[PDB]
$ cat model_27.cif   # mmCIF, C-alpha atoms and all ligand atoms
data_query
#
loop_
_atom_site.label_atom_id
_atom_site.label_comp_id
_atom_site.auth_asym_id
_atom_site.auth_seq_id
_atom_site.Cartn_x
_atom_site.Cartn_y
_atom_site.Cartn_z
CA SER A 10 98.10 100.98 79.96
CA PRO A 11 97.11 98.92 83.04
CA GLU A 12 100.03 100.40 85.02
CA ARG A 13 99.02 103.89 83.82
CA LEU A 14 95.43 103.18 85.00
CA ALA A 15 96.68 101.98 88.41
CA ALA A 16 98.70 105.17 88.88
CA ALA A 17 95.73 107.27 87.74
CA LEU A 18 93.39 105.45 90.14
CA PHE A 19 95.83 105.99 93.07
CA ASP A 20 96.03 109.66 92.09
CA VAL A 21 92.23 110.15 92.06
CA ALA A 22 91.74 108.13 95.32
CA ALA A 23 94.39 110.13 97.22
CA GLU A 24 92.67 113.34 96.09
CA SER A 25 89.00 112.42 96.39
CA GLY A 26 88.87 108.99 98.08
CA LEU A 27 87.79 105.81 96.32
CA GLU A 28 84.27 107.18 95.65
CA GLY A 29 85.93 109.47 93.07
CA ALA A 30 87.57 106.61 91.19
CA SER A 31 84.87 105.83 88.66
CA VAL A 32 85.92 104.06 85.50
CA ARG A 33 85.15 107.44 83.83
CA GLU A 34 87.32 109.56 86.18
CA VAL A 35 90.29 107.15 86.02
CA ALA A 36 90.28 107.27 82.16
CA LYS A 37 90.72 111.07 81.96
CA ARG A 38 93.70 110.98 84.27
CA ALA A 39 95.79 108.38 82.45
CA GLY A 40 95.08 109.15 78.80
CA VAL A 41 92.75 107.04 77.74
CA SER A 42 89.71 105.64 75.93
CA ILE A 43 86.89 104.82 78.33
CA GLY A 44 87.01 101.63 76.23
CA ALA A 45 90.78 101.28 76.73
CA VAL A 46 89.94 100.82 80.44
CA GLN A 47 87.16 98.29 79.69
CA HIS A 48 89.67 96.50 77.44
CA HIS A 49 92.03 95.79 80.37
CA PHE A 50 89.41 95.35 83.16
CA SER A 51 86.00 93.73 82.60
CA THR A 52 84.71 95.08 85.93
CA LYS A 53 85.36 98.10 88.17
CA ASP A 54 86.29 95.65 90.95
CA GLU A 55 88.94 94.11 88.67
CA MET A 56 90.35 97.61 88.08
CA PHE A 57 90.46 98.33 91.86
CA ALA A 58 92.10 94.97 92.63
CA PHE A 59 94.81 95.62 90.03
CA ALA A 60 95.48 99.06 91.59
CA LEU A 61 95.71 97.56 95.04
CA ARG A 62 98.07 94.84 93.82
CA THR A 63 100.25 97.60 92.29
CA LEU A 64 100.31 99.62 95.52
CA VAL A 65 101.13 96.50 97.57
CA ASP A 66 103.95 95.39 95.24
CA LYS A 67 105.47 98.85 95.55
CA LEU A 68 105.18 98.75 99.37
CA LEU A 69 106.85 95.30 99.52
CA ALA A 70 109.75 96.53 97.32
CA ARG A 71 110.21 99.43 99.72
CA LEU A 72 110.22 97.19 102.81
CA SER A 73 112.92 95.11 101.02
CA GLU A 74 115.19 98.18 100.68
CA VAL A 75 114.87 99.37 104.28
CA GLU A 76 114.73 96.02 106.17
CA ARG A 77 118.29 94.74 105.51
CA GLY A 78 119.84 93.17 108.66
CA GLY A 79 121.89 94.78 111.46
CA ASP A 80 120.22 96.51 114.38
CA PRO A 81 116.66 95.14 114.71
CA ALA A 82 115.05 98.24 116.25
CA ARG A 83 116.30 100.44 113.38
CA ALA A 84 115.14 97.94 110.71
CA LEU A 85 111.72 97.46 112.33
CA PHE A 86 111.34 101.23 112.54
CA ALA A 87 112.41 101.90 108.92
CA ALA A 88 109.94 99.20 107.71
CA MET A 89 106.91 100.20 109.85
CA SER A 90 107.50 103.90 109.16
CA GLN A 91 106.75 103.13 105.44
CA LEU A 92 103.11 102.54 106.55
CA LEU A 93 102.82 105.83 108.51
CA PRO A 94 101.72 109.22 107.05
CA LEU A 95 105.08 110.87 107.82
CA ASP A 96 105.38 112.92 104.62
CA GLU A 97 102.97 113.87 101.77
CA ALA A 98 103.83 110.75 99.69
CA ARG A 99 103.18 108.35 102.60
CA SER A 100 100.14 110.34 103.67
CA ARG A 101 98.60 109.71 100.20
CA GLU A 102 99.61 106.00 100.35
CA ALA A 103 98.15 105.62 103.85
CA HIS A 104 94.92 107.29 102.77
CA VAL A 105 94.53 104.99 99.75
CA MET A 106 95.53 101.84 101.65
CA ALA A 107 93.02 102.59 104.42
CA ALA A 108 90.35 103.24 101.77
CA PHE A 109 91.03 99.79 100.22
CA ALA A 110 90.91 98.19 103.67
CA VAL A 111 87.39 99.57 104.26
CA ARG A 112 86.31 98.69 100.72
CA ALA A 113 87.39 95.08 101.49
CA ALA A 114 84.16 94.86 103.60
CA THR A 115 82.24 94.53 100.29
CA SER A 116 84.87 93.22 97.89
CA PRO A 117 86.26 89.69 98.28
CA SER A 118 89.12 90.36 95.82
CA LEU A 119 90.28 93.40 97.85
CA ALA A 120 89.88 91.49 101.12
CA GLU A 121 91.98 88.61 99.79
CA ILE A 122 94.74 90.86 98.46
CA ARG A 123 94.86 92.61 101.89
CA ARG A 124 94.87 89.25 103.74
CA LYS A 125 97.79 87.92 101.71
CA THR A 126 99.63 91.25 102.15
CA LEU A 127 99.21 91.23 105.95
CA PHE A 128 100.27 87.53 106.04
CA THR A 129 103.48 88.39 104.09
CA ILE A 130 104.44 91.40 106.24
CA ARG A 131 103.53 89.62 109.49
CA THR A 132 105.66 86.56 108.53
CA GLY A 133 108.62 88.90 107.76
CA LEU A 134 108.20 90.72 111.14
CA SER A 135 107.84 87.35 112.93
CA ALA A 136 111.08 86.05 111.38
CA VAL A 137 112.92 89.17 112.63
CA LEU A 138 111.52 88.85 116.16
CA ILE A 139 112.16 85.07 116.34
CA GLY A 140 115.76 85.61 115.19
CA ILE A 141 116.43 87.76 118.24
CA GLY A 142 114.63 85.56 120.82
CA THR A 143 111.59 87.78 121.28
CA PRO A 144 108.87 86.36 123.64
CA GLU A 145 105.58 85.57 121.90
CA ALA A 146 107.18 86.66 118.62
CA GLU A 147 104.31 85.85 116.29
CA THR A 148 101.67 87.48 118.40
CA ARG A 149 103.86 90.54 118.96
CA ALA A 150 104.50 90.77 115.21
CA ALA A 151 100.72 90.71 114.54
CA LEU A 152 100.35 93.48 117.20
CA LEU A 153 103.10 95.65 115.76
CA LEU A 154 101.47 95.57 112.30
CA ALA A 155 97.85 96.05 113.63
CA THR A 156 99.01 98.97 115.80
CA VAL A 157 100.86 100.64 112.90
CA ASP A 158 97.77 100.22 110.67
CA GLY A 159 95.59 101.76 113.45
CA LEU A 160 98.01 104.64 113.99
CA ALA A 161 97.92 105.37 110.21
CA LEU A 162 94.06 105.32 110.25
CA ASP A 163 93.85 107.53 113.39
CA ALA A 164 96.39 109.97 111.86
CA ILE A 165 94.86 110.50 108.43
CA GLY A 166 91.52 111.58 109.96
CA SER A 167 93.14 113.63 112.73
CA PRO A 168 96.48 114.99 111.55
CA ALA A 169 96.68 117.62 114.35
CA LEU A 170 96.70 114.84 117.02
CA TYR A 171 99.32 112.81 115.06
CA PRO A 172 102.00 115.07 113.63
CA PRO A 173 104.90 113.15 112.05
CA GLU A 174 107.16 113.71 115.09
CA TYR A 175 104.53 112.22 117.37
CA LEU A 176 103.97 109.21 115.02
CA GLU A 177 107.76 108.53 115.03
CA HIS A 178 107.90 108.73 118.84
CA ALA A 179 104.83 106.39 119.12
CA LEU A 180 106.41 103.86 116.73
CA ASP A 181 109.70 103.99 118.81
CA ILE A 182 107.71 103.30 121.96
CA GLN A 183 105.81 100.38 120.41
CA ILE A 184 109.05 98.87 119.07
CA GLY A 185 110.68 99.27 122.50
CA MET A 186 107.72 97.37 124.02
CA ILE A 187 107.83 94.55 121.44
CA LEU A 188 111.61 94.05 122.04
CA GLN A 189 111.22 93.64 125.80
CA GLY A 190 112.78 90.24 126.62
CA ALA A 191 114.60 89.98 123.26
CA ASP A 192 118.41 89.73 122.79
CA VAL A 193 118.79 92.51 121.92
CA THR B 9 63.17 111.77 116.70
CA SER B 10 63.53 112.49 112.95
CA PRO B 11 67.25 113.25 112.33
CA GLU B 12 68.02 110.28 114.60
CA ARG B 13 65.85 107.99 112.39
CA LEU B 14 67.80 109.24 109.40
CA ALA B 15 71.14 108.55 111.21
CA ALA B 16 69.90 104.98 111.93
CA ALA B 17 69.00 104.46 108.24
CA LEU B 18 72.43 105.81 107.21
CA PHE B 19 74.17 103.40 109.56
CA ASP B 20 72.05 100.49 108.15
CA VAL B 21 72.98 101.43 104.56
CA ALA B 22 76.71 102.03 105.36
CA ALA B 23 77.06 98.75 107.27
CA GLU B 24 75.74 97.02 104.11
CA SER B 25 77.40 98.78 101.25
CA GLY B 26 79.88 101.22 102.74
CA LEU B 27 79.53 104.98 102.82
CA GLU B 28 79.56 105.06 98.96
CA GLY B 29 76.06 103.58 99.25
CA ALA B 30 74.84 106.27 101.64
CA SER B 31 73.59 108.95 99.21
CA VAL B 32 70.74 111.20 100.43
CA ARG B 33 68.45 109.22 98.11
CA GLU B 34 69.51 105.78 99.47
CA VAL B 35 69.20 107.02 103.10
CA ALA B 36 65.76 108.48 102.36
CA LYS B 37 64.78 105.18 100.67
CA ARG B 38 65.92 103.05 103.67
CA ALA B 39 64.22 105.41 106.20
CA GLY B 40 60.97 105.38 104.17
CA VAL B 41 60.86 109.20 103.74
CA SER B 42 61.05 111.69 100.81
CA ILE B 43 64.37 113.27 99.67
CA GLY B 44 62.67 116.56 100.72
CA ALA B 45 62.27 115.24 104.32
CA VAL B 46 66.02 114.53 104.44
CA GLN B 47 67.05 117.89 102.93
CA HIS B 48 64.83 119.60 105.52
CA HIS B 49 67.06 118.35 108.32
CA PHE B 50 70.39 118.40 106.44
CA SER B 51 71.48 121.31 104.23
CA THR B 52 74.21 119.12 102.77
CA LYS B 53 75.26 115.47 102.50
CA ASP B 54 78.27 116.55 104.67
CA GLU B 55 75.94 117.60 107.47
CA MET B 56 73.98 114.35 107.15
CA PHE B 57 77.21 112.33 107.45
CA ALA B 58 78.47 114.46 110.39
CA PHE B 59 75.22 114.03 112.31
CA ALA B 60 75.32 110.24 111.73
CA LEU B 61 78.93 110.11 112.92
CA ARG B 62 78.09 112.13 116.08
CA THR B 63 75.25 109.67 116.74
CA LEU B 64 77.67 106.73 116.48
CA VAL B 65 80.48 108.26 118.61
CA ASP B 66 77.83 109.11 121.28
CA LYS B 67 76.81 105.40 121.48
CA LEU B 68 80.47 104.24 121.72
CA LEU B 69 81.44 106.81 124.36
CA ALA B 70 78.33 105.93 126.41
CA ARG B 71 79.50 102.33 126.47
CA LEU B 72 83.02 103.33 127.53
CA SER B 73 81.65 105.50 130.35
CA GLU B 74 79.59 102.51 131.66
CA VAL B 75 82.76 100.46 132.31
CA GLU B 76 83.18 99.74 136.04
CA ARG B 77 86.75 100.86 136.72
CA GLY B 78 87.06 99.49 140.25
CA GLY B 79 90.56 98.74 141.42
CA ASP B 80 92.03 96.58 138.61
CA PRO B 81 93.45 98.65 135.75
CA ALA B 82 94.19 95.71 133.36
CA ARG B 83 90.57 94.47 133.75
CA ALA B 84 89.16 98.00 133.20
CA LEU B 85 91.34 98.62 130.14
CA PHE B 86 90.34 95.26 128.69
CA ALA B 87 86.59 95.92 129.35
CA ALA B 88 86.81 99.45 127.79
CA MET B 89 88.87 98.52 124.69
CA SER B 90 86.67 95.38 124.13
CA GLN B 91 83.81 97.80 123.42
CA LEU B 92 85.78 99.12 120.39
CA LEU B 93 86.50 95.66 118.99
CA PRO B 94 84.29 93.74 116.54
CA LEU B 95 83.60 90.89 119.03
CA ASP B 96 79.98 90.35 117.86
CA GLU B 97 77.64 91.30 115.00
CA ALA B 98 76.67 94.71 116.51
CA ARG B 99 80.30 95.72 117.03
CA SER B 100 81.36 94.40 113.60
CA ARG B 101 78.74 96.72 112.03
CA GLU B 102 79.99 99.63 114.15
CA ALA B 103 83.61 98.92 113.15
CA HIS B 104 82.79 98.94 109.47
CA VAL B 105 80.90 102.23 109.65
CA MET B 106 83.41 103.90 112.02
CA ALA B 107 86.39 102.92 109.80
CA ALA B 108 84.46 104.31 106.77
CA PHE B 109 83.98 107.67 108.53
CA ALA B 110 87.66 107.69 109.58
CA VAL B 111 88.68 107.29 105.97
CA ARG B 112 86.21 109.97 104.82
CA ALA B 113 87.68 112.24 107.55
CA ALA B 114 90.84 112.48 105.40
CA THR B 115 88.88 114.69 103.02
CA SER B 116 86.00 116.11 105.13
CA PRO B 117 86.79 118.81 107.76
CA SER B 118 83.52 118.25 109.68
CA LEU B 119 84.18 114.48 110.02
CA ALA B 120 87.89 115.10 110.93
CA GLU B 121 86.73 117.46 113.70
CA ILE B 122 84.38 114.86 115.16
CA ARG B 123 87.05 112.12 114.85
CA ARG B 124 89.72 114.37 116.44
CA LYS B 125 87.42 115.20 119.36
CA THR B 126 86.55 111.50 119.85
CA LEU B 127 90.20 110.38 119.77
CA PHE B 128 91.17 113.20 122.12
CA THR B 129 88.46 112.17 124.60
CA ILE B 130 89.30 108.49 124.56
CA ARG B 131 93.10 109.12 124.74
CA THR B 132 92.53 111.47 127.68
CA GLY B 133 90.65 108.81 129.67
CA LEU B 134 93.20 106.08 128.78
CA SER B 135 96.12 108.44 129.71
CA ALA B 136 94.43 109.22 133.13
CA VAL B 137 94.25 105.45 133.85
CA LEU B 138 97.91 104.86 132.85
CA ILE B 139 99.29 107.95 134.70
CA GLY B 140 97.28 106.81 137.75
CA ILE B 141 99.58 103.75 138.01
CA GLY B 142 102.89 105.33 137.00
CA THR B 143 103.00 103.83 133.48
CA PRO B 144 106.22 104.92 131.62
CA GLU B 145 105.38 107.13 128.58
CA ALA B 146 101.75 106.93 129.70
CA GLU B 147 100.33 109.39 127.12
CA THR B 148 101.98 107.73 124.09
CA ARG B 149 101.14 104.24 125.39
CA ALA B 150 97.50 105.41 125.61
CA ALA B 151 97.57 106.49 121.91
CA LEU B 152 99.20 103.08 121.03
CA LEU B 153 96.52 101.10 122.88
CA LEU B 154 93.79 102.93 120.97
CA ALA B 155 95.69 102.41 117.67
CA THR B 156 95.88 98.64 118.41
CA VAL B 157 92.07 98.35 118.68
CA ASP B 158 91.55 100.57 115.65
CA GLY B 159 94.02 98.54 113.51
CA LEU B 160 92.65 95.15 114.69
CA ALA B 161 89.10 96.40 113.89
CA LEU B 162 90.24 97.61 110.43
CA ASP B 163 91.70 94.22 109.50
CA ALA B 164 88.64 92.29 110.82
CA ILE B 165 86.43 94.21 108.31
CA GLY B 166 87.71 92.46 105.25
CA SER B 167 88.19 89.04 106.94
CA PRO B 168 85.65 88.72 109.77
CA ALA B 169 85.81 84.89 109.79
CA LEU B 170 89.57 85.06 110.47
CA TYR B 171 89.28 87.45 113.44
CA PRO B 172 86.97 85.53 115.83
CA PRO B 173 86.32 87.20 119.20
CA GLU B 174 88.88 85.02 121.03
CA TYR B 175 91.66 86.00 118.64
CA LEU B 176 90.92 89.70 119.09
CA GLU B 177 90.61 89.43 122.87
CA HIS B 178 93.95 87.53 123.07
CA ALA B 179 95.74 90.16 120.96
CA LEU B 180 94.24 92.98 123.12
CA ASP B 181 95.29 91.17 126.36
CA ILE B 182 98.90 90.83 125.02
CA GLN B 183 99.02 94.55 124.12
CA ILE B 184 97.64 95.57 127.52
CA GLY B 185 100.33 93.37 129.14
CA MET B 186 103.01 95.26 127.20
CA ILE B 187 101.40 98.64 128.01
CA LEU B 188 101.45 97.87 131.77
CA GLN B 189 105.09 96.74 131.86
CA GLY B 190 106.89 99.09 134.33
CA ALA B 191 103.58 100.37 135.76
CA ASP B 192 102.78 99.93 139.48
CA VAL B 193 100.78 96.68 139.14
CA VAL B 194 101.05 93.29 140.59
CA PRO B 195 101.47 90.52 138.02
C1 LIG C 201 88.09 101.62 131.83
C2 LIG C 201 89.50 102.11 131.60
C3 LIG C 201 89.65 102.87 130.29
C4 LIG C 201 88.64 104.02 130.15
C5 LIG C 201 88.63 104.72 128.79
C6 LIG C 201 87.82 106.00 128.94
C7 LIG C 201 87.20 106.59 127.68
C8 LIG C 201 86.39 107.84 128.08
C9 LIG C 201 84.98 108.06 127.50
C10 LIG C 201 83.92 108.80 128.36
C11 LIG C 201 83.62 110.32 128.17
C12 LIG C 201 82.43 110.76 127.27
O1 LIG C 201 82.16 112.20 127.33
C13 LIG C 201 81.60 112.83 126.17
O2 LIG C 201 82.66 113.41 125.38
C14 LIG C 201 82.24 113.89 124.10
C15 LIG C 201 83.45 114.50 123.37
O3 LIG C 201 84.15 113.37 122.91
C16 LIG C 201 81.18 114.97 124.25
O4 LIG C 201 80.53 115.19 123.01
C17 LIG C 201 80.69 116.47 122.40
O5 LIG C 201 81.39 116.32 121.16
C18 LIG C 201 80.77 115.47 120.17
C19 LIG C 201 81.67 115.21 118.95
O6 LIG C 201 81.93 116.43 118.23
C20 LIG C 201 79.40 116.05 119.82
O7 LIG C 201 78.70 115.22 118.92
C21 LIG C 201 78.59 116.18 121.11
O8 LIG C 201 77.28 116.69 120.83
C22 LIG C 201 79.32 117.06 122.11
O9 LIG C 201 78.59 117.16 123.32
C23 LIG C 201 80.07 114.57 125.23
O10 LIG C 201 79.29 115.75 125.50
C24 LIG C 201 80.64 113.99 126.53
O11 LIG C 201 79.56 113.59 127.39
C1 LIG C 202 70.16 121.96 122.84
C2 LIG C 202 69.85 120.47 122.83
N1 LIG C 202 71.02 119.57 122.66
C3 LIG C 202 70.55 118.17 122.71
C4 LIG C 202 71.92 119.74 123.82
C5 LIG C 202 71.78 119.85 121.40
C6 LIG C 202 70.97 119.75 120.10
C7 LIG C 202 71.84 119.60 118.84
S1 LIG C 202 72.10 117.97 118.46
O1 LIG C 202 70.87 117.14 118.57
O2 LIG C 202 72.46 117.86 117.05
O3 LIG C 202 73.13 117.47 119.40
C1 LIG C 203 82.16 90.40 101.41
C2 LIG C 203 82.92 89.30 102.17
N1 LIG C 203 84.22 89.80 102.70
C3 LIG C 203 83.97 90.46 104.01
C4 LIG C 203 84.76 90.80 101.76
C5 LIG C 203 85.25 88.72 102.73
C6 LIG C 203 85.10 87.64 103.80
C7 LIG C 203 86.46 86.98 104.07
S1 LIG C 203 86.41 85.88 105.34
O1 LIG C 203 85.40 84.84 105.00
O2 LIG C 203 87.76 85.28 105.53
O3 LIG C 203 85.96 86.51 106.60
#
$ encode --input "model_27.cif" --output "C-alpha cells"
Amino acid sequence: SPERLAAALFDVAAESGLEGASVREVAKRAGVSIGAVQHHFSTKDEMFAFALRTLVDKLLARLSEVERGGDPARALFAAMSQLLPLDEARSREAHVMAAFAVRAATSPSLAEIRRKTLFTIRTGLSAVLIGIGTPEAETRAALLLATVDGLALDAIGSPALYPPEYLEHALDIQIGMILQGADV
Amino acid sequence: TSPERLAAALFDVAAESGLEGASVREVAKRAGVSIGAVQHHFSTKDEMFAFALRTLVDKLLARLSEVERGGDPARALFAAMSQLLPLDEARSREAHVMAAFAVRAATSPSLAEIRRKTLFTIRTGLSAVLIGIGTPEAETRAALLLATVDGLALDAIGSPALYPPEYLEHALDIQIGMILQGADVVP
C-alpha cells in the first residue's frame, strides 16, 4: 500500500502539481480507504516525504545503470540527461522533482531528503571528475548538477524555448566546459 | 494602486507558505480587503497569479537593466546574475516565489507565457554580451549561465543556511570563468 500511494501521489502531482495531492485525491488513485492512507502516514507531510524518497531511490537506481565507467563525457551525459525533461516520462519526473524542491521551502523533511540526494549525486559526479584530473572538480561537480536542475526548471515552464534537442545540446556544451583541463 | 497592492499581498503570502497558500481569500485577508474587491480586479485566480508574476518579473528586469555594463564583461555578468541569486533576505523571498511560479507554469499557460517571455528577454541580453566578445556557442552558453543561477536559487530554497552568499557568488564566478573560456578577454 505505501508504494501504491507513492505512485498515486506522483501520478496526481505530474498531472495537477502538488496542490492536487490531497490525502483524499491520492486515495482514489491507488485503491484505497482514506483510512488506509492515514494508517500508513500520520501526516500529509509524512506521505509527501515517502513519495519523494521513492522518486529519489528510483532516480539513483537509474543513475547506477547509466553511469558505468568508460568514456567520462558519455557517462556524465547519460546520468545528467536522467534529470532533464527529454521525453514524457522524464518531463513528469522533472515536474514533480521541481515541485518537491519548492515545497522544501516549508517542509524540513522534504528539504533534508533533497539535501541528502544532492550530496549523493554531487559526490558521485565529483569522484568521476577527480578520477580524470579535472580542475576544481568538486566545485565543477556542484555546478554541473545545479545547472542541470536549473535547465530542468527553465524547461518545464517554457518547453518551446527548451525542446529536447536543445536541452541535449546545452548539456553537451556544459559537459565540454566542465572537462576543460581534464585528461581526457 | 489597487491590483499592485494585491500583487504585494500575494508575494507576502507565497514567500511564507508557498503558492498553495495564495488563495483569493488568503490574499484578500493579507491585503485587508474583501474577496469582492479582489474578484473585481481579477476574473480568475489564474489572472491574479499572472498579474503577480508580471509584477515580480518587472522588478527583476528593472534591476538587470540598472547594471553598469562598462568595459568588463565578467564583472557585468557577475553583477547581473547576482541579482537573480538569493544573496540576501529580499532575494531569497524573490527566489522562493519565482521558483513557485516556474513550477506552476508547467500547468498554467498564462504563467508559462510570462516565464517564456522573461527567459527569452534575459537570454537575449546575455547572448548579446557573449557574442560581443566572440564567445564560442554564445547562445547556448547564455542559456547555461541562466540555468546555473536558476538551479543554485532552487537548491538554496530548501537549505538557505547551507547556501550563504559567498558560496553562491563563488559558484557563479566559477561558471562565468568557464563561460568566458575561448572568448576575447584578458585573464
Ligand atoms: C550585465 C551583463 C548581462 C546583462 C543581462 C541583461 C538582461 C536584460 C534585461 C533588460 C530588459 C527589460 O525589458 C523589458 O522586457 C520585458 C519582456 O521581458 C517587457 O515586458 C513585457 O512583457 C511582460 C511579461 O509578459 C509584461 O508583463 C509587460 O507588461 C510587457 O511590457 C518590458 O516592457 C521591457 O521593458
Ligand atoms: C496602458 C497602461 N499600461 C501601464 C501600459 C498597461 C496597463 C496594463 S498593466 O498594468 O496590467 O500592465
Ligand atoms: C522550513 C525550513 N527549511 C527551509 C525547510 C529548512 C532549513 C534547512 S537549513 O537550516 O539547512 O537552511
$ residues_around --input "model_27.cif" --residues "residue A:192" --least-positions-apart "2" --cutoff "7 Å" --atoms "all atoms listed in the file" --output "PyMOL selection string"
chain A and resi 141-142+190
$ residues_around --input "model_27.cif" --residues "stretch 31-37 of chain A" --least-positions-apart "2" --cutoff "12 Å" --atoms "all atoms listed in the file" --output "VMD selection string"
(chain A and resid 10 to 22 24 to 29 39 to 57 60) or (chain B and resid 28)
$ write_last_selection --input "model_27.cif" --atoms "C-alpha atoms" --output "compact mmCIF listing (two decimals), in the coordinates of the input"
# COMPACT_ATOMS: atom_id res chain seq x y z
CA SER A 10 98.10 100.98 79.96
CA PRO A 11 97.11 98.92 83.04
CA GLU A 12 100.03 100.40 85.02
CA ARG A 13 99.02 103.89 83.82
CA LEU A 14 95.43 103.18 85.00
CA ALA A 15 96.68 101.98 88.41
CA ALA A 16 98.70 105.17 88.88
CA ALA A 17 95.73 107.27 87.74
CA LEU A 18 93.39 105.45 90.14
CA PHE A 19 95.83 105.99 93.07
CA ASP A 20 96.03 109.66 92.09
CA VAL A 21 92.23 110.15 92.06
CA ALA A 22 91.74 108.13 95.32
CA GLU A 24 92.67 113.34 96.09
CA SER A 25 89.00 112.42 96.39
CA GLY A 26 88.87 108.99 98.08
CA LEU A 27 87.79 105.81 96.32
CA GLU A 28 84.27 107.18 95.65
CA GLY A 29 85.93 109.47 93.07
CA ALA A 39 95.79 108.38 82.45
CA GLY A 40 95.08 109.15 78.80
CA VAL A 41 92.75 107.04 77.74
CA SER A 42 89.71 105.64 75.93
CA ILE A 43 86.89 104.82 78.33
CA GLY A 44 87.01 101.63 76.23
CA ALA A 45 90.78 101.28 76.73
CA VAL A 46 89.94 100.82 80.44
CA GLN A 47 87.16 98.29 79.69
CA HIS A 48 89.67 96.50 77.44
CA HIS A 49 92.03 95.79 80.37
CA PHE A 50 89.41 95.35 83.16
CA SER A 51 86.00 93.73 82.60
CA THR A 52 84.71 95.08 85.93
CA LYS A 53 85.36 98.10 88.17
CA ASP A 54 86.29 95.65 90.95
CA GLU A 55 88.94 94.11 88.67
CA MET A 56 90.35 97.61 88.08
CA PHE A 57 90.46 98.33 91.86
CA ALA A 60 95.48 99.06 91.59
CA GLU B 28 79.56 105.06 98.96
$ residues_near_ligand --input "model_27.cif" --ligand "ligand LIG 201 (chain C)" --cutoff "9 Å" --atoms "all atoms listed in the file" --output "ChimeraX atom specification"
/B:58-59,61-66,68-78,81-89,118-119,121-138
$ closest_atom_pairs --input "model_27.cif" --of "chain B" --to "ligand LIG 203 (chain C)" --cutoff "7 Å" --atoms "only C-alpha atoms and all ligand atoms" --output "Markdown table"
| residue | atom | partner | partner_atom | distance |
| --- | --- | --- | --- | --- |
| B:165 | CA | C:LIG203 | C3 | 6.2 |
| B:166 | CA | C:LIG203 | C3 | 4.4 |
| B:167 | CA | C:LIG203 | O3 | 3.4 |
| B:168 | CA | C:LIG203 | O3 | 3.9 |
| B:169 | CA | C:LIG203 | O3 | 3.6 |
| B:170 | CA | C:LIG203 | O2 | 5.3 |
$ residues_near_point --input "model_27.cif" --point "(106.1, 96.3, 130.4)" --cutoff "10 Å" --atoms "all atoms listed in the file" --output "number ranges by chain"
A: 185-187, 189-190; B: 143-144, 183-191
$ closest_residue --input "model_27.cif" --among "A:106, A:85, A:61, A:169" --to "residue A:136" --atoms "all atoms listed in the file"
A:85
$ interface_residues --input "model_27.cif" --of "chain A" --to "chain B" --cutoff "6 Å" --atoms "only C-alpha atoms" --output "PyMOL selection string"
chain A and resi 113-114+120+155-156+158-160+165-167+179
$ closest_residue --input "model_27.cif" --among "A:188, A:59, A:118, A:68" --to "residue A:139" --atoms "only C-alpha atoms"
A:188
$ atom_distance --input "model_27.cif" --atom1 "atom CA of residue A:112" --atom2 "atom CA of residue A:92"
18.2 Å
$ atom_distance --input "model_27.cif" --atom1 "atom CA of residue B:11" --atom2 "atom CA of residue B:44"
12.9 Å
$ closest_residue --input "model_27.cif" --among "B:20, B:55, B:174, B:34" --to "ligand LIG 202 (chain C)" --atoms "only C-alpha atoms and all ligand atoms"
B:55
$ atom_distance --input "model_27.cif" --atom1 "atom CA of residue A:150" --atom2 "atom CA of residue B:99"
24.8 Å
